[PDB]
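For the sequence shown, counting from 1, position 98 maps to 98 in the deposited numbering; every step adds exactly one. Structure first, then comments.
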Amino acid sequence: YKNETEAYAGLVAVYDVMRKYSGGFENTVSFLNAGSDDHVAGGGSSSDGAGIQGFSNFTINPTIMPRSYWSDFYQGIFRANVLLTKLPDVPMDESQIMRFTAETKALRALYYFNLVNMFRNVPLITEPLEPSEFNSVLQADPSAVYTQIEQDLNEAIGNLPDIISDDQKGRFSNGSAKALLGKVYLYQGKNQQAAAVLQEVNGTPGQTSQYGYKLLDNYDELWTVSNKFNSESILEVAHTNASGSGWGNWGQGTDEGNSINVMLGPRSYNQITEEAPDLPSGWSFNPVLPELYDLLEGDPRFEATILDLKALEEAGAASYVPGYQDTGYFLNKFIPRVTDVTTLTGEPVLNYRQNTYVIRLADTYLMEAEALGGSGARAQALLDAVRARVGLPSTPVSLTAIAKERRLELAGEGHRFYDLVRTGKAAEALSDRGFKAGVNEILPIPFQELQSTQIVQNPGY
């Protein structure tokens with residue numbers, strides 16, 4: 001790296017891997033949604049995405065598990081590993097070496113957290129591998145991987161800015177690193193450490209935290225496509241329509257479009273009257289299941305969350321054509337209107353531009369309340385604030401009331417499956433979909449990652 005500019009381009013390339021949440025077909029959010037009790041895979045037929053269909057009915061196995069869920073995160077980690085060796089020597093201000101270094105560590109932590117949650121048993125690699133180190137590394141115990149995640153985030157925190165300027169938003173601050181660390185603690189049952197750091201993140205619930213975090217006054221504006229990096233955003237993936245993606249680069253690093261936006265829309269949609277929205281057609285992935293519909297139906301977050309094509313058909317206001325395992329209910333939060341269709345160069349369906357909340361403030365309120373055991377005045381105030389934002393009265397705080405609130409607040413944002421697994425509720429919630437206890441809490445390691453390596457397959461696969 002001759003200079004800052006080059007160094008920064010190297011850091012951008014580490015950040016790019018966050019588009020794996022919502023970019024390309026094999027993104028994490030729609031796949032995770034498919035394995036929860038709120039959605040199935042959907043799509044056009046039983047063979048439409050062998051991996052996501054396999055997760056959705058728990059026949060997933062090492063042959064059909066997409067390799068990109070392993071390799072893409074490792075690609076981001078290896079980039080961060082090399083870049084940490086190069087930053088100290090860059091001819092630029094020391095304060096920028098310090099910032100870039102902290103952001104790189106925060107990213108490595110995030111990507112390792114993604115791997116441990118999906119796969120649990122993974123090699124711990126923190127330095128550029130010699131050609132021989134590479135093919136011979138062993139899986140680490142998850143706790144070692146967690147120790148590295150915490151260390152990375154503990155070293156970053158204090159070395160980032162607290163407040164990020166509007167044109168840099170999307171980059172790590174002390175606030176979003178803390179929020180991530182809080183979640184990391186929570187995911188290991190380190191409740192006291194979780195509550196303590198989340199308190200810093202959240203501040204006084206219902207007001208503005210020290211990091212500028214505030215719940216939006218209207219829940220529905222969270223899903224306004226142009227309302228990017230709003231006050232509720234903590235960690236957010238940037239998508240755009242200006243990359244001009246075509247079929248030739250769909251799902252590569254140069255493709256910045258939001259693929260969840262095309263994947264989730266209804267098929268052959270026609271707007272008959274103005275009572276229905278004007279929508280481009282999509283591929284009917286992540287249909288909303290009736291259990292979630294019935295929970296949300298009288299709830300204020302119903303219209304924002306669920307596009308009720310059943311009801312619109314019944315009123316004569318629209319028509320559509322059912323995809324695979326259609327329910328008539330669709331995940332409205334990420335379904336573009338015709339006003340969201342690009343006018344810039346590129347294929348229309350590949351250049352949708354909604355961002356993705358990796359962490360938002362309602363989620364950190366709910367995580368802190370949980371970390372507090374669902375008990376006491378602070379936990380109550382945190383639950384109260386989430387509910388009040390949508391006009392719901394106070395309800396007595398408890399672990400059960402928090403889990404219910406999370407399901408209504410965060411539906412379709414990719415958290416339900418891991419929430420079920422980490423709280424020990426997954427087997428019971430998903431047994432009827434084919435989930436097998438002691439097996440399907442984690443996913444199979446893609447078969448090709450075992451060939452010529454020391455990697456061992458996960459239990460029961």
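All residues carry an ideal CB built from backbone N, CA and C; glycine is no exception.
Assuming residue i contacts residue j (C-beta within less than 8 angstroms), just tell me the rounded distance between them.
{"i": "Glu-232", "j": "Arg-360", "result": "5 angstroms"}
{"i": "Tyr-324", "j": "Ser-45", "result": "5 angstroms"}
{"i": "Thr-356", "j": "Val-14", "result": "Contact doesn't hold; Cβ gap of about 17 angstroms is too wide."}
{"i": "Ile-97", "j": "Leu-87", "result": "5 angstroms"}
{"i": "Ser-22", "j": "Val-237", "result": "6 angstroms"}
{"i": "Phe-100", "j": "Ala-9", "result": "Going by Cβ atoms, the distance from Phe-100 to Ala-9 rounds to 11 angstroms, so no, they are not a contact pair."}
{"i": "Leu-331", "j": "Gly-412", "result": "4 angstroms"}
{"i": "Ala-140", "j": "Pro-161", "result": "Not a contact, Cβ separation roughly 32 angstroms."}
{"i": "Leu-279", "j": "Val-338", "result": "7 angstroms"}
{"i": "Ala-385", "j": "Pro-205", "result": "4 angstroms"}
{"i": "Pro-128", "j": "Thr-85", "result": "6 angstroms"}
Where DSSP assigns a beta bridge to residue i, which residues make up the other side?
{"i": "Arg-360", "result": "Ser-233"}
{"i": "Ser-281", "result": "Partner(s): none; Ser-281 has no beta bridge."}
{"i": "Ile-306", "result": "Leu-331"}
{"i": "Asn-270", "result": "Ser-319"}
{"i": "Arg-171", "result": "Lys-169"}
{"i": "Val-288", "result": "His-39"}
{"i": "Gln-139", "result": "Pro-123"}
Could you tell me if residue i is buried or exposed, where buried requires 16 or more neighbouring beta carbons within 10 angstroms of its beta carbon?
{"i": "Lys-333", "result": "buried"}
{"i": "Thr-224", "result": "exposed"}
{"i": "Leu-450", "result": "exposed"}
{"i": "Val-321", "result": "exposed"}
{"i": "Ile-77", "result": "buried"}
{"i": "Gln-252", "result": "exposed"}
{"i": "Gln-192", "result": "exposed"}
{"i": "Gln-207", "result": "exposed"}
{"i": "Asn-3", "result": "exposed"}
{"i": "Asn-114", "result": "buried"}
{"i": "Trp-70", "result": "buried"}
{"i": "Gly-248", "result": "exposed"}
{"i": "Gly-434", "result": "exposed"}
{"i": "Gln-53", "result": "buried"}
{"i": "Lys-178", "result": "buried"}
{"i": "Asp-419", "result": "buried"}
{"i": "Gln-151", "result": "exposed"}
{"i": "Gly-51", "result": "buried"}
{"i": "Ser-394", "result": "exposed"}
{"i": "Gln-354", "result": "buried"}
{"i": "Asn-218", "result": "exposed"}
{"i": "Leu-408", "result": "buried"}
Under 7 angstroms, do residue i and residue j count as touching if we go by C-beta distance?
{"i": "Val-262", "j": "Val-349", "result": "yes"}
{"i": "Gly-35", "j": "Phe-55", "result": "yes"}
{"i": "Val-184", "j": "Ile-149", "result": "yes"}
{"i": "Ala-318", "j": "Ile-272", "result": "yes"}
{"i": "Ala-371", "j": "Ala-195", "result": "yes"}
{"i": "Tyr-211", "j": "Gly-182", "result": "no"}
{"i": "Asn-202", "j": "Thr-364", "result": "yes"}
{"i": "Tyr-329", "j": "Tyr-352", "result": "no"}
{"i": "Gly-265", "j": "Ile-335", "result": "yes"}
{"i": "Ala-311", "j": "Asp-37", "result": "no"}
{"i": "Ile-445", "j": "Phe-119", "result": "yes"}
{"i": "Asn-33", "j": "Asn-286", "result": "yes"}
{"i": "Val-90", "j": "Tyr-1", "result": "yes"}
{"i": "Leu-295", "j": "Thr-305", "result": "no"}
{"i": "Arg-406", "j": "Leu-366", "result": "yes"}
{"i": "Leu-235", "j": "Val-358", "result": "yes"}
{"i": "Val-397", "j": "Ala-379", "result": "yes"}
{"i": "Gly-244", "j": "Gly-346", "result": "yes"}
So, does the CB of residue i fall closer than 7 angstroms to a CB anywhere in chain B?
{"i": "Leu-382", "result": "No chain B is present in this structure, which holds just one protein chain."}
Mind pulling the beta strand (DSSP E) runs of 3 or more residues that sit fully within the region 79-123?
none
In chain order, what are the residue ranges of uninterrupted beta strand (DSSP E) at least 3 long that sit wholly in the region 6-39?
none
Ignoring anything shorter than 4 residues, give me the alpha helix (DSSP H) runs that lie fully in the region 404-436, in order along the chain.
416-422, 426-430
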